[PDB]
Every structure is written in C-alpha cells, then in structure tokens.
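In what follows, a structure is listed as structure tokens, so that the remarks can point back to it.
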Amino acid sequence: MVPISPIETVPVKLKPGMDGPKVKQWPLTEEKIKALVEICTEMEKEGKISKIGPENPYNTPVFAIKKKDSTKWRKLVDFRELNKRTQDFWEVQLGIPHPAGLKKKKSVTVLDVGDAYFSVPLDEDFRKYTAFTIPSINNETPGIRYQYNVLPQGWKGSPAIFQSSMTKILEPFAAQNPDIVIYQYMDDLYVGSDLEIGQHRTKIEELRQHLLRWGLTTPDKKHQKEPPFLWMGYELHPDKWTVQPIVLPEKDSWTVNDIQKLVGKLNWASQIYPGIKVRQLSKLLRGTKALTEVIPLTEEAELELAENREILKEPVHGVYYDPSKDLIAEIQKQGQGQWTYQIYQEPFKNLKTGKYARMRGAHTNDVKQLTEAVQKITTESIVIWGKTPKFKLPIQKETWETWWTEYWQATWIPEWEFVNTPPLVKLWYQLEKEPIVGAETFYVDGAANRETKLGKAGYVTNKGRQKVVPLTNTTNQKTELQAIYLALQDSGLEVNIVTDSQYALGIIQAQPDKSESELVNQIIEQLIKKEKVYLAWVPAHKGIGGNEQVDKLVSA
Amino acid sequence: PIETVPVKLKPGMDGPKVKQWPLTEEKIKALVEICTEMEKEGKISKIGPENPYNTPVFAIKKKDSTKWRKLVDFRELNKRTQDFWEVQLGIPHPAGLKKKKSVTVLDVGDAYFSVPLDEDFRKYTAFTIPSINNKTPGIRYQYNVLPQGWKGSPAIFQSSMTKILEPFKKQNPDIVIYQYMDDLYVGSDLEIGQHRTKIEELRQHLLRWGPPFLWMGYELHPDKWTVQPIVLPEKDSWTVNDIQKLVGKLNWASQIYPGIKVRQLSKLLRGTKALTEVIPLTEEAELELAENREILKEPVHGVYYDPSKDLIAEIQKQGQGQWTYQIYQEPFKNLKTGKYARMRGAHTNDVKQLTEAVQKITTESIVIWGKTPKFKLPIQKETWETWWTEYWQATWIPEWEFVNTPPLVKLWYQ
Ligand SMILES: Cc1cc(C#N)cc(C)c1Oc1nc(NC2CCN(Cc3ccc(S(N)(=O)=O)cc3)CC2)nc2ccsc12
Ligand SMILES: [Mg+2]
Ligand code: NA
C-alpha cells in the first residue's frame with residue numbers, strides 16, 4: 001500500500017433557511033428496480049454511495065433509462081430539487097480562452113480525468129441531503145436507501161468543486177514546470193509544451209507521477225483524436241485556428257428562429273471571417289417572440305445575406321499569438337452604423353476579426369461610433385492579450401484633433417495612426433464660435449396647438465426677409481426644428497440664426513451627422529452646404545426683439 | 001490585536017457579487033507579486049469554491065512613486081456593510097479642517113493590516129486576480145485583517161488610532177487631524193518648513209507605534225481654495241449678440257438669485273437687428289446691469305449642508321485644459337463651485353484630465369464635509385469605464401453617473 005494524500009474536502013451548505021429535499025420516489029417497473037439494484041451494488045462496492053438507515057428524512061427520486069445500442073439500463077438521480085436548495089458556488093469556468101490569445105505549442109497531450117473525478121469526496125455533513133431510495137420489488141420490503149460519498153453527477157456543486165480540487169492538486173506541478181501549459185475543462189486535461197516529443201512524453205509521465213500521489217489514475221484520452229481539436233466550437237489546428245465549418249442554410253421561407261440562428265452563426269463566424277454584416281438581418285427580428293413567425297426579407301437583407309454567403313465561400317483561418325511582435329487593430333466603416341475590424345501582428349495574417357454596431361439612438365455621428373468601436377476592441381484586447389493594440393483608423397489626425405478639442409464631452413482614443421482607406425470618417429459641419437459679420441441674421445420660431453396639432457414655423461431677419469408657413473399634425477418641438485430648417489433653406493452661404501429652442505440646441509450641440517428624424521436629417525444636409533453658421537440661443541418670452549416678433553407671428 | 005469586532009451586513013442583504021474587470025498583463029503581474037507577499041504575511045488567504053462573493057481589484061501608482069499599490073473597489077461591500085457607530089454615536093466632522101493654511105494627506109491604510117478581521121465576515125472580502133485570456137482560473141483570496149478601502153476599517157481601528165495620536169494631539173493642540181478611509185488629513189497654520197517636519201514627527205509616531213507608502217505626503221492649502229462667483233462682462237460697446245448672451249446668463253442666474261431683472265436690457269433688443277450691431281446702453285439698462293452686478297456679489301441664501309442628503313458634483317469641460325464644477329444637494333443651491341486648469345498630465349488626454357478633476361473635487365469634498373459626492377460626468381459611460389483606472393491615484397473611489405445631453409449652462413460658468 002502506497003500512502004496517498006487525501007483530497008481536501010470543500011465545506012458545503014444549503015441556502016440559508018432552506019432544508020434538504022423531500023421528493024417522493026416514483027413507482028418503478030420490476031425490470032427497472034432490478035437494474036437499479038445491480039448498478040447501485042457496484043457503485044457501493046466502489047465507495048461512491050453508502051446504505052443509510054431510515055432516520056434520514058431527505059430524498060431525491062431516481063430513474064432508470066435505456067439507450068439505443070447500449071442495451072444497458074443507466075441510473076439517473078434527479079437532483080433538480082436539491083440544486084434549488086444548494087448554496088451558490090464560485091463557478092471558475094465562465095469564459096473560455098480565445099484561440100487568438102494562445103501561443104503555438106509543438107506538442108499537446110490530452111489526459112482523461114473522469115476517473116480521478118470520483119476520488120473527490122463530498123463534504124460529510126452534506127451527504128445526508130443526497131439520499132435516494134430504490135423501491136423494492138412489489139413494494140413488499142423497505143426501499144433500499146443510499147447516500148453519496150462523492151460528487152454526484154448533476155448536483156449543483158460538482159463542476160466547481162471538482163475543477164477547484166484539480167487546480168489545487170496541479171498547482172505545484174505547473175509552478176515547478178514553467179515550460180508546459182495545463183488546461184482543464186470537463187473530464188479533459190490538456191498539456192502542451194514546446195519540448196521535443198520524447199522529453200514531452202516524460203513531463204506527461206511525471207504528471208501521472210504527481211497525480212498518483214493522490215491516487216489518481218489517468219491514462220491518455222482513448223482514441224486520441226487526430227488534429228484539429230473540436231473544442232468550444234473551434235478547430236484548433238497545430239498552426240492555425242478557425243470556427244468549425246460555417247454553412248448557411250439555403251431557404252425560400254425564412255422564419256424567426258432561422259434568422260436568429262443565422263445571426264448566431266454569422267456572429268460566431270465574424271470573429272475570423274472579416275466583413276460579416278448583420279444589421280438588416282438582425283433588423284428583421286425587432287420585436288417578435290414567436291420563433292415560428294415567417295418574415296419577408298427586405299431586399300437589403302437578401303443583399304446582406306448573399307454578401308455573407310460570398311464571405312463564407314472559402315474558409316478563413318487565424319494565426320496564433322507571438323508576444324514578441326506588435327499587436328495592431330484596424331477598423332473600417334461599413335455603413336448603416338456598422339463597423340468591421342481586424343487584429344493582426346503581421347499584415348495579411350489576422351489573429352481574429354470582429355464587428356461593431358452602433359447603439360440605438362435618435363441622432364448619432366461617425367466619430368462617436370468609431371470611438372465606441374475603439375473602446376470595444378480595447379477591452380476585448382485586454383481580455384485576450386492583456387494589452388491595448390495600436391490602432392489604424394480611417395480618420396485624419398486633423399479631423400480627430402478638431403473633434404475632441406471642440407466636443408462638449410471628455411473623449412479619448414489610445415495610440416493610433418491614420419490609414420487612408422475610404423470611406424474616411426470626417427466632420428460634416430462646424431458651427432461658428434462667434435457671430436458672422438455681414439451675414440444676415442434670422443430670428444426663428446415655431447409653435448403648435450396641443451389640441452388641434454396645427455402649428456406655424458418661420459423667421460424674420462434684419463434685412464426684412466420674413467416667412468411663416470402653416471403646418472398640420474405637428475408639435476412645438478417639430479415647429480422649432482422646422483423654423484431653423486426654413487432659415488437654412490432661405491439664407492446665403494453664411495448665416496446667423498437666433499432660436500429660443502432649448503430642444504433644438506440640445507440636438508445640434510450634439511453634432512449629429514445622421515438622424516432617424518427626417519427633419520433633423522434635412523437640417524444636417526443644409527448645414528453641410530453652408531460655409532458658416534452661427535447658432536445663438538436666447539430665452540423665450542423675454543422681449544428680445546426679432547424673437548418676440550416671430551414668436552407672435554407663429555403663435556396664431 | 002487579539003479580539004475581532006463583530007461585523008455584519010445590513011438586514012436582508014447578501015455579500016457583493018461584482019464581476020472582476022479585465023486587467024492588463026502588467027497589472028496582473030504586479031498584483032500577483034503583491035498578493036504573494038500579503039499571503040506570506042497572513043493578511044489574505046486562498047479561498048475555495050464554496051465562497052461565491054467577489055469584489056473587483058486593480059493596481060495603481062500613487063502620486064509621484066513607482067511602486068504598484070493594490071486597490072480594491074469595495075464600493076458595493078461598503079454600501080452593503082452595516083452602518084457603523086464604532087464606540088461613540090459619531091465623530092463630528094471638524095469644520096476647522098477646511099480653514100487651516102496647510103493640510104497634508106497621509107496614507108495610513110497599512111496600519112489596518114495589524115487588526116484581525118472578524119472570521120465570520122472574511123468571506124465577504126473575496127477577490128480575484130484574473131488570468132489573461134481565461135488561460136487559468138483566477139486566483140481567489142479573502143482578507144484575514146482589516147482591508148484598505150473598506151468602510152469598516154477606519155471604524156474598527158478608530159479606538160487604536162485615537163491612542164496613537166493622543167501624545168501628538170496632547171502636544172499640538174491647534175493641529176487638526178481628520179481620518180477618512182485610508183487617509184489622515186493633518187492641518188496646521190504654521191510654516192511649511194515646520195509643517196513638514198511636524199508631519200514627519202507624526203510619521204515616526206505611527207512608525208514607533210507600529211508601511212509601503214507611509215513616507216508620502218499630499219500637501220493641500222484649502223485656505224487658498226478659490227471659489228467662482230457669477231461675473232458679468234464689463235464692456236464699453238455691446239453688440240446685439242453680447243446683450244443676448246447677457247440676458248441669457250442673467251435669466252439663468254435669476255433661478256439662483258432673487259431680484260435679477262432683464263427688462264431694461266431686453267428693451268435694448270427692440271427690432272430685428274444684426275447680431276454684430278453695436279447697441280449703446282441706455283441709462284435704465286446700465287442701472288439694471290449695475291443692480292444685477294450688486295445682487296451677484298452677495299452669496300446665495302438659505303444654502304445649508306444637510307448631512308442626510310447626498311452631495312452632487314457636476315463638471316463641465318470648458319476646453320483648453322479648463323474644467324468648471326459645482327457641488328450641491330438641491331439644484332441652484334451650490335455649496336461650493338470651482339475651476340481648474342493645466343491638469344498635471346494630459347495636455348492631449350481629456351479623460352486623464354477629467355479623472356484628475358474628479359480626484360481633486362472628491363478631496364475637497366472630504367475636507368469640507370467628510371464624505372464623497374456623486375459625480376455627473378460629461379463623458380460617455382463606455383469611454384470613462386474603459387480608461388479611468390489608468391489615471392486613478394486615490395485609495396477611495398466615489399460614485400458617478402454620466403451626462404449624455406449637452407447642458408446649455410456650460411457657457412454660464414465660461
Ligand atoms: C491545451 C489546450 C487545449 C485546448 C483544446 N482542445 C484548449 C486550450 C485552451 C488549451 O490550453 C492552452 N492551449 C495553448 N495553446 C494552443 C495552441 C494551438 N494548439 C492546437 C494544437 C497544437 C498541437 C497539436 S499536435 N501537433 O500535438 O497534434 C494539436 C493541436 C493547442 C494549444 N496555450 C495555453 C497556455 C495556457 S493554457 C493553454
Ligand atoms: Mg416662442
Ligand atoms: Na452625410
């Protein structure tokens with residue numbers, strides 16, 4: 001007998017106030033009961049469970065299930081109830097590595113740890129809560145009652161406790177072998193290194209050597225699976241990586257669940273397939289929740305899908321990470337609020353790709369979206385590589401300096417350089433900071449009746465030019481914008497505009513270059529055509545001449 | 001320090017479960033080294049999966065030093081931690097601190113690591129050193145002793161601190177000492193020369209009665225802190241535009257000051273005149289402007305600090321490195337206003353300037369009222385939350401919200 005170290009038990013509790021489960025055991029056929037008694041007898045021989053007396057008041061139902069070409073009966077303990085009453089755990093397996101953050105490893109071994117799993121004992125004080133009962137034949141004897149001594153399959157805490165117990169056991173081996181990497185997820189242990197295969201096969205032996213000191217038996221993963229590894233939806237090849245094949249289904253009838261799955265695949269695919277677009281397709285599922293509802297594809301969604309199909313024709317692959325090289329991120333504007341990007345170290349060899357879509361909003365502009373894309377890529381890059389990439393952006397250095405020095409908010413983009421790849425992001429208008437000498441001054445106003453929705457909008461100028469337009473089905477805010485629009489339409493290339501509309505100032509001072517309001521858009525189109533525009537605000541109803549005059553003209 | 005102090009959360013509240021945000025490799029490596037030493041010293045211990053709580057951690061460099069410091073963001077735990085009345089019903093905030101000619105700020109947080117943390121409360125201080133790219137499970141720890149940045153640490157330590165300070169306080173009856181979180185604020189009215197040595201005299205006190213950053217000293221002169229009343233232009237020739245801006249400013253000020261009038265000045269804007277046309281002031285308009293100027297000299301009325309309400313701090317970007325701000329509890333009743341310029345670093349980095357402004361305003365709030373304000377920040381959430389930790393140098397962290405619509409009133413503090 002070679003003494004083996006015990007695996008430290010994790011103390012477990014039920015949620016405060018809650019008691020263990022008390023679920024009635026279903027009736028079972030004689031055949032199923034016989035099957036369960038055999039299975040459990042073997043499991044008891046192996047130490048996994050133990051017979052208990054009648055004083056234990058808890059219970060979880062057990063089932064017997066059959067399979068296709070394994071004519072076995074398999075056991076099944078329904079721990080649904082016990083999980084509802086078990087404390088929360090630290091789940092250490094939320095995110096997975098992204099392949100583009102991994103470094104090449106000459107050699108990789110995969111060990112099986114499904115067997116070491118059962119060496120992990122269950123906290124003694126908690127076992128009582130796992131009790132279950134095999135009914136007896138014809139219900140003529142007392143049911144056979146058992147409880148678990150090991151982490152039960154399907155119990156809430158088994159994944160975290162097992163993963164944590166293995167990490168602790170491995171800690172010293174990883175620390176004293178800096179020339180290998182060890183990754184665990186589920187019953188698989190992945191060991192990689194840049195050692196020659198022989199000298200790598202020995203590290204593997206030493207690991208078994210280490211693992212056995214807790215009496216853990218671990219041989220190679222049976223039928224060692226030829227490259228690539230099918231892992232978390234990826235194809236990890238020795239020298240490259242990709243998503244597993246992305247095949248877009250051909251269809252004449254497209255339904256809510258199809259377009260969801262279509263976006264899922266496209267989103268998954270966009271991490272390596274560059275230039276994937278999903279706005280129009282994503283657009284079509286605005287509010288529906290009946291996944292069987294069929295939706296016609298806008299001609300802008302077919303064109304987008306057919307665009308995706310073309311990008312999916314030939315498979316694309318990413319390269320692994322080299323910490324001695326620079327990390328570079330390049331962004332392109334795609335239109336309709338969509339942005340695409342590549343992250344690479346050498347030109348033409350992407351580590352990964354991605355996309356960004358503008359946030360919902362009434363008004364927006366290209367520079368604000370570009371900034372948001374930069375922040376998203378920054379944070380993704382911190383996650384994957386632990387550092388910010390150098391950016392290549394389709395915006396002139398001079399455009400950016402004008403934007404941030406004049407923008408009312410604080411804003412920042414990290415180290416970047418211009419890349420002359422159209423379409424370029426630009427500023428489309430810039431309001432004057434001072435009134436314009438020699439430019440006509442338009443005093444604008446509008447007003448609307450809340451009951452009838454009848455309105456007026458117009459202006460009076462210092463040259464005596466005047467206009468009032470009657471409007472229907474309008475509002476105060478619309479008439480205020482309409483008035484500015486009229487002044488823009490009717491003035492020369494340089495114009496001073498005076499408004500009392502705090503609403504209009506709030507929009508224009510946000511410097512939109514595009515809007516979901518046709519009226520704001522028409523104002524933006526006018527601003528683009530002007531040479532100089534000074535917009536001045538005054539408080540309403542203060543006897544400010546011009547303002548007072550036009551307020552009267554429009555308040556019917 | 002033998003006996004722990006019983007600590008509990010507020011009724012019907014669990015411990016924090018706050019996601020760790022991504023960290024750069026250099027901050028991870030720094031935290032690994034730091035926490036390895038703290039673990040060897042017994043200040044923290046590894047925890048197992050039966051602890052589900054979490055509080056974010058990052059690393060900073062205090063002002064003017066090159067060594068990384070661990071900074072825990074205990075904001076969630078702090079608001080879930082029971083309100084504290086350490087040994088008395090409350091230490092009254094010293095109104096005299098804000099009047100001293102010089103106030104120096106000491107990081108005394110390291111003193112906390114000598115008091116054990118109540119064993120039943122430790123699980124709530126769990127934190128994670130993340131790995132890069134999820135390559136390995138984060139390293140999981142909890143505190144065994146009073147942690148820097150936790151609300152309860154100054155509270156629990158207040159008995160031990162008052163004793164350390166007694167002989168110094170007994171000797172220097174006019175020096176004012178105030179403790180906020182990990183920091184000590186020590187104000188005197190005497191020369192900076194003796195002020196400094198007097199400061200060192202107090203370090204040795206904590207050094208004999210006991211630090212990685214205790215050597216540092218943040219020097220303030222709140223007696224020279226200058227406010228920003230409302231000012232109106234003084235001009236010999238007013239254009240229509242000048243008067244329009246003036247009437248707008250006075251109309252806004254009329255929400256703050258009673259008896260502001262714009263009737264006579266608005267009278268000047270009769271007709272539909274070119275914005276650049278010069279308008280001579282009448283005598284009635286000049287008198288009205290003079291009466292408004294006078295009104296604006298006096299302070300606002302009935303402004304009083306209500307210790308039950310939050311302090312609110314608004315900040316405006318004025319451009320060219322200048323920032324204005326106001327602190328208040330109810331709108332239009334400013335308790336403090338101010339203006340900054342030429343922020344130490346970042347002539348080309350807005351966000352670094354804003355982060356420094358937030359820290360300076362929070363420092364002023366602690367001196368004047370003993371608590372931090374809630375900030376209304378002129379920045380998009382995603383930009384702020386990506387970058388502020390890169391420029392943060394204080395051991396506390398205030399709360400903040402984001403302004404997405406441009407305030408019209410920026411131009412009034414301009
Ligand atoms: C070891 C491991 C395997 C899997 C899987 N499924 C996933 C993760 C996250 C793993 O964990 C780590 N993986 C790496 N790099 C990669 C680089 C690319 N390859 C694919 C490959 C290489 C060699 C052969 S080959 N010639 O031996 O047949 C076949 C396939 C695998 C290793 N780096 C780290 C660092 C810390 S953990 C970790
Ligand atoms: Mg009006
Ligand atoms: Na345009």
Side-chain angles (χ1 to χ4, degrees), chain A residues 10-13 87-90 92 95-98 101-102 157 160-161 163-164 167 181 183 368 371-372 375-376 378-379 382-387 404-406 408-412 435-437 441 443 460-462 496 498 502 505-506 509-510 534 536-539 542-546 549, chain B residues 17 22-26 28 47-52 54 126 132-138 140 239-241 244-245 247-248 251-252 262-263 266-267 269-277 316-317 319-320 349-354 377-380 382-384 386-387 403 405-408 410:
Chain A
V10 168
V12 186
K13 294 174 138 192
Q87 68 162 97
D88 297 338
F89 300 90
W90 189 248
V92 308
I96 55 182
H98 189 277
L102 302 175
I161 291 169
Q163 182 118 340
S164 294
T167 291
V181 303
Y183 181 81
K368 300 186 190 181
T371 300
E372 302 168 351
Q375 308 313 349
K376 172 187 182 170
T378 291
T379 297
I382 302 311
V383 167
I384 297 177
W385 299 284
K387 65 182 282 175
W404 75 260
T405 59
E406 293 295 311
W408 73 274
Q409 285 185 332
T411 187
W412 166 252
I436 308 156
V437 177
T441 297
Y443 295 84
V460 303
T461 85
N462 67 302
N496 298 297
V498 179
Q502 306 183 46
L505 261 292
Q509 292 190 316
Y534 178 72
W537 180 85
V538 298
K542 288 308 183 178
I544 285 164
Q549 272 73 348
Chain B
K17 296 191 186 180
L23 299 183
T24 59
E25 178 163 25
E26 77 169 355
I28 290 165
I47 58 177
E50 80 285 15
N51 182 330
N54 197 63
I132 295 176
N133 197 30
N134 291 288
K135 282 148 100 179
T136 52
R140 292 278 293 161
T239 67
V240 167
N241 187 241
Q244 290 188 354
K245 306 195 302 181
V247 171
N251 176 70
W252 161 81
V262 298
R263 184 195 192 272
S266 301
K267 205 159 145 188
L269 299 195
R270 289 201 162 176
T272 58
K273 290 166 188 286
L275 287 197
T276 55
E277 188 169 307
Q316 306 80 38
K317 177 180 163 179
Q320 315 165 271
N349 185 336
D350 264 358
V351 175
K352 171 172 194 176
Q353 295 172 37
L354 179 59
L377 296 181
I379 187 166
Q380 292 298 101
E382 292 71 27
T383 304
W384 176 253
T386 303
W387 295 108
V403 188
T405 298
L408 196 54
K410 172 186 106 189

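Chain A is the first sequence line, chain B the second, and so forth, proteins listed ahead of strands; every chain is numbered from 1.
Using modelled atom types, no side-chain atom of A:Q502 and backbone atom of B:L408 make a donor-acceptor pair closer than 3.5 Å. The main-chain N or O of A:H98 is found under 3.5 Å from a side-chain atom of B:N133 such that the two form a donor-acceptor pair.
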**Message:** One pair to check against side-chain contact (heavy atoms from CB on, under 4.5 Å): B:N349 and A:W404. What are the steps and the verdict?
**Reply:** CA-CA 9 Å; B:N349 185 336; A:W404 75 260; over 6 Å; no
**Prompt:** Where do B:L275 and A:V498 land on the side-chain contact (heavy atoms from CB on, under 4.5 Å) test, with the steps shown first?
**Reply:** CA-CA 9 Å; B:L275 287 197; A:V498 179; 3.6 Å; yes
**Message:** I'd like to know whether A:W90 forms a side-chain contact (heavy atoms from CB on, under 4.5 Å) with B:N51, so could you lay out the CA-CA distance, the side-chain angles of the two residues, the decisive distance to 0.1 Å, and finally the verdict.
**Reply:** CA-CA 6 Å; A:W90 189 248; B:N51 182 330; over 6 Å; no
**Request:** Kindly indicate, with the supporting measurements, whether the criterion side-chain contact (heavy atoms from CB on, under 4.5 Å) is fulfilled by A:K387 and B:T24.
**Result:** CA-CA 5 Å; A:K387 65 182 282 175; B:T24 59; 5.8 Å; no
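Atom CD1 in A:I382 sits 9.5 Å away from atom CD1 in B:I28 (nearest 0.5 Å). Between atom NZ of residue A:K542 and atom CD of residue B:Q244 there is a gap of 15.0 Å, rounded to the nearest 0.5 Å. Going from atom CD of B:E382 over to atom CD of A:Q375 covers 9.0 Å, rounded to the nearest 0.5 Å. Between the CG atom in B:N134 and the CD1 atom in A:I384 there is a gap of 9.5 Å [rounded to 0.5 Å]. The OG1 atom of B:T276 sits 8.5 Å away from atom CG of A:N462, with the distance rounded to the nearest 0.5 Å.
In terms of non-hydrogen atom pairs under 4.5 Å with chain A, the most contact-rich of B:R140, B:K273, B:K267, B:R270 is B:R140. When each of B:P406, B:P52, B:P407 is scored by its heavy-atom pairs under 4.5 Å with chain A, the top score falls to B:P406. The candidate with the highest count of non-hydrogen atom pairs below 4.5 Å against chain B, out of A:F89, A:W408, A:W537, is A:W408. The choice from A:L102, A:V437, A:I436, A:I96 that makes the most heavy-atom pairs within less than 4.5 Å of chain B is A:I96. Per-residue counts of heavy-atom pairs under 4.5 Å with chain A were compared for B:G138, B:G319, B:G48, B:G271; the largest is that of B:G271.
Contact check for A:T379 versus B:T386: side-chain heavy atoms found under the 4.5 Å cut-off. Considering only heavy atoms from C-beta on, B:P49 stays 4.5 Å or farther from A:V92 through its side chain. Side-chain contact between A:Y534 and B:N241 is present, with at least one heavy-atom pair separated by less than 4.5 Å. Looking at heavy atoms from C-beta onward, B:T239 lies out of side-chain contact with A:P435 at the 4.5 angstrom threshold. A heavy-atom distance below 4.5 Å is not found between the side chains of B:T272 and A:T461. Using a 4.5 Å heavy-atom cutoff, the side chains of B:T383 and A:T371 are in contact. Contact check for A:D88 versus B:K17: side-chain heavy atoms found under the 4.5 Å cut-off.
Among the candidates B:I379, B:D350, B:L354, the single residue satisfying the side chain to side chain contact (heavy atoms under 4.5 Å, CB included) test with A:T411 is B:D350.
Around atom NZ of A:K13, no more than 12 heavy atoms belonging to other residues, nucleotides or ligands sit under 6.0 Å away. Within 6.0 Å of the CD atom in B:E25, the count of heavy atoms belonging to other residues, nucleotides or ligands does not exceed 12.
Interface remark: B:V240 contributes side-chain atoms only to the contact with chain A (heavy atom separation under 4.5 Å). Both the backbone and the side chain of A:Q509 come within contact range of chain B, with heavy atoms under 4.5 Å apart. Contacts of A:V383 with chain B are made by both backbone and side-chain atoms, with heavy-atom separations under 4.5 Å. Heavy atoms closer than 4.5 Å to chain B are found in both the backbone and the side chain of A:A160. Contact annotation for B:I47: neither backbone nor side-chain heavy atoms come within less than 4.5 Å of a heavy atom of chain A.
Nearest heavy-atom pair, A:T167 versus B:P137, reported as atom, atom and distance to 0.1 Å: OG1-CG, 3.7 Å.
Side-chain atoms of B:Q380 and A:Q409 form a donor-acceptor pair, as typed in the model, at a separation below 3.5 Å.
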